[PDB]
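Residue numbers (the deposited numbering), protein chains in the order written: chain E, 23 to 481; chain B, 604 to 694; chain A, 665 to 691; chain D, 404 to 435.
Idealized CB from N, CA, C, for every residue including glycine.
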Ligand SMILES: [Mn+2]
Ligand SMILES: [Mn+2]
C-alpha cells in the first residue's frame with residue numbers, strides 16, 4: 023500500500039522542514055498527501071511549514087483540513103490555534119487552546135500560549151468597553167427635516183433631496199429682488215445635501231478645459247448678491263454653458279451673505295461639474311462674528327442653524343488647477359518653491375486655516391512687486407515677488423497664478439513679473455476701493471486672461 | 604456651581620467668568636507610569652485616546668465639575684460592568 | 665444620571681480606578 | 404382618627420447677594 027512511501031515522504035519532508043529546506047519540505051509534504059489524501063497528520067505538519075514561511079493562506083486551509091479530516095486530532099486544533107494567533111483570530115484561539123490544555127496538562131505547556139491569548143483578549147475587551155471615539159453623532163441627528171413643521175408663508179415650492187429646479191432658482195433670485203427668504207425645512211435639507219457633496223470634493227480641485235471651451239472666473243463678492251445677479255444674467259446663467267469658478271469671499275461681509283451662499287449652494291447642486299466654489303481669505307468664525315453674519319443667522323434662525331452652516335462652510339476647498347497650467351489661490355505664493363501637487367492633496371481639511379504653512383499661503387500670502395519673501399503675521403508666514411514663482415511654476419508645469427485678495431482699477435491686473443493675475447466680482451468693494459470689477463475669461467486654447475468689464479455698481 | 608443656580612442671574616457673562624481648566628498628573632502613580640509606557644509604545648493607539656478620556660472624566664467629576672452629558676459617562680460604566688460581571692453575550 | 669450629587673465623590677472614583685487597574689492588568 | 408400626612412407648605416426664597424468682577428485694569432488690557 024502507498025503508506026510505505028508516504029511515510030518516507032513525510033519523514034524526509036519533516037527533516038527538510040527542520041533543516042529549513044522549506045520548498046523541498048512542501049514538495050515532499052504535497053507528495054505524501056498525493057499518496058494519502060486523508061491522513062490528518064500530514065495537513066497538520068504542512069500547516070506548520072506554512073506558519074514558518076508566512077504562507078498563511080495555506081496555514082489556514084490545511085489546518086482546517088486536518089481538523090475536518092479528524093475531529094479527534096486534538097493537536098490539529100492546537101496547531102490551528104497557533105495559526106489563529108499568528109493571524110489575529112482570537113476567539114477561535116481561546117476555544118482550541120482550552121480544549122488542548124484540559125486534555126493535556128503539561129509543564130512545557132500549551133498553557134503559556136493560552137495565557138498570552140488570555141492577556142491579549144482581556145486587554146482588547148477592556149479597550150472595546152472604554153472606547154468612545156466613534157463619537158460623530160451628526161449636527162442633524164433625529165432628522166430635523168422629517169419633523170415636518172412646514173409653513174410655506176413664502177408660498178415656497180417643495181425643494182426635494184433631488185437637484186433644485188432652475189425654475190425655483192430663478193424664483194429665488196426674484197425673492198432677493200423682493201427681500202424674501204427660504205422656509206426652514208428646505209433650507210436644512212439643502213444644507214445637509216451641500217455637506218454630503220462638498221465634503222467629498224478634492225481639497226485642490228482639478229479640471230481640464232478643452233480648447234474650444236471657455237470658463238468665466240469670479241472673485242470676492244462681500245456677501246452682496248446684486249453683482250452675481252447681474253453676471254449670471256449678463257454672461258449667461260451659471261448652467262453647464264457657464265462653468266463659472268468663484269474665488270470665495272461670500273461671508274467676507276454680511277449684507278445679503280446668507281442669501282448669497284444660499285443661492286450659490288442651490289446652483290452647486292444643479293451644476294456641480296460646472297459651478298466651482300473656493301473659500302475666501304476673510305472667511306472664518308472670527309470674521310463671521312466681526313461682520314455680524316453670525317447675528318444674521320441667529321436673527322433669522324435658532325443657533326443650531328449656525329452649527330449646520332459651520333459644518334457646511336468647513337468643507338470649502340482652498341484651490342483649483344486648470345489643465346495643470348493655471349493655479350487659482352486666494353492670497354498668493356507658498357513659503358517655498360518645492361510645494362508638490364500630491365502634497366497639496368495631503369493637506370488636512372476639517373480645521374481652521376493656520377497663520378503658517380500652505381493653508382495661509384493659499385489664503386493670506388499677498389503678492390508684491392519686489393522679489394523675495396515675507397515674515398510671519400496676518401494669518402501668515404510668507405508673501406512674495408517673482409523669484410520663488412520662477413522656481414515654483416517650473417515644478418508643477420504652471421504658466422501663472424490667479425489671486426483675489428486685492429482690489430484693482432479695471433477689476434484685475436497682470437502682475438508679479440507677468441506670472442500672476444487679480445480678479446474680483448464686486449465693483450466699489452469698500453472704504454478701501456471704489457474699484458470697477460471684472461471676470462477672467464479663459465479658453466483651453468488661450469489661457470491669457472481675457473476680460474468682461476463689470477460697472478454695475480450697487481451702493 | 605453657585606453661580607449656575609442663581610434663579611434671577613443673567614448668565615450671558617458665563618463665557619467670561621468661568622476659568623480655564625488645568626490638568627495635573629501624579630507621576631509617582633501606577634496608572635500614570637503604565638500610560639507613559641503605552642503612549643511611548645505607539646503614540647496613535649486609539650486605546651490611549653480612550654483611556655485618557657475616561658481618566659479625564661473621572662477626574663473632572665471628583666474635582667467638583669459637572670459632566671457635560673452624564674449619559675456618555677454612565678454608558679462607559681455599564682460597558683465596564685458587563686466585562687467584569689461575566690456577560691458572554693458581548694453584543 | 666438623575667442629577668444627584670455624591671455624598672463623597674472619592675469613593676466613587678476609587679471604584680473606577682480599581683476597574684481601570686484590572687482592565688489594564690496593573691495589579 | 405389618624406395621623407394624616409401634610410404636604411408641607413413650602414417657601415421660595417429669591418434673595419440675591421451681589422457679585423463683582425475684578426476686571427482688567429486699563430494698563431493690563433492695553434500693555435499686557
Ligand atoms: Mn475677501
Ligand atoms: Mn482679502
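query	result
C-beta atoms of residue 317(E) and residue 278(E) nearer than 8 Å	no
Alpha carbon of residue 158(E) to alpha carbon of residue 305(E), nearest angstrom	25 Å
Closer than 8 Å to chain E by CB, residue 604(B)	no
Residue burial classification, residue 405(E) (beta-carbon count within 10 angstroms, cutoff 16)	buried
Nearest to residue 69(E) (by Cα), restricted to the options 95(E), 34(E), 105(E) and 54(E)	105(E)
Cβ separation of residue 369(E) and residue 380(E), assumed to be a contact under 8 Å, to the nearest whole Å	6 Å
Spatial neighbours of residue 151(E) in its chain, beta-carbon cut-off 8 Å, leaving aside the 5 residues before and after	none
Closer than 8 Å to chain B by CB, residue 417(D)	yes
Option in 394(E), 464(E), 401(E) and 455(E) with minimal Cα separation from residue 424(E)	464(E)
Ligand 3 heavy atom lying under 7 Å from the CB of residue 303(E)	Only ligand 1 and ligand 2 can be found as ligands here, which leaves ligand 3 out of the picture.
Proximity of residue 447(E) and residue 253(E) at Cβ, strictly below 8 Å	yes
Heavy atom of ligand 2 within 7 Å of residue 438(E) beta-carbon	no
Any non-hydrogen atom of ligand 1 closer than 7 Å to residue 307(E) Cβ	no
Contact check, residue 458(E) vs residue 432(E), beta carbons under 8 Å	yes
Span of the beta strand (DSSP E), counted from its first residue to its last, around residue 444(E)	442-444
Residue 387(E) beta carbon less than 8 Å from that of residue 402(E)	yes
Chain-ordered chain E contacts of residue 689(A) [CB-CB under 9 Å]	141, 144, 145 and 148
Whether residue 270(E) touches residue 338(E) by CB criterion (8 Å)	yes
CB contact below 8 Å: residue 634(B) versus chain A	yes
Beta strand (DSSP E) runs wholly inside the region 83-112 of chain E, at least 3 long, in chain order	none
Buried or exposed by the 16-neighbour rule on C-beta atoms within 10 Å, applied to residue 282(E)	buried
Distance between residue 652(B) and residue 242(E) (C-alpha atoms, nearest Å)	41 Å
With 16 other Cβ atoms within 10 Å as the buried cut-off, status of residue 424(D)	exposed
Distance, residue 99(E) Cα to residue 30(E) Cα	25 Å
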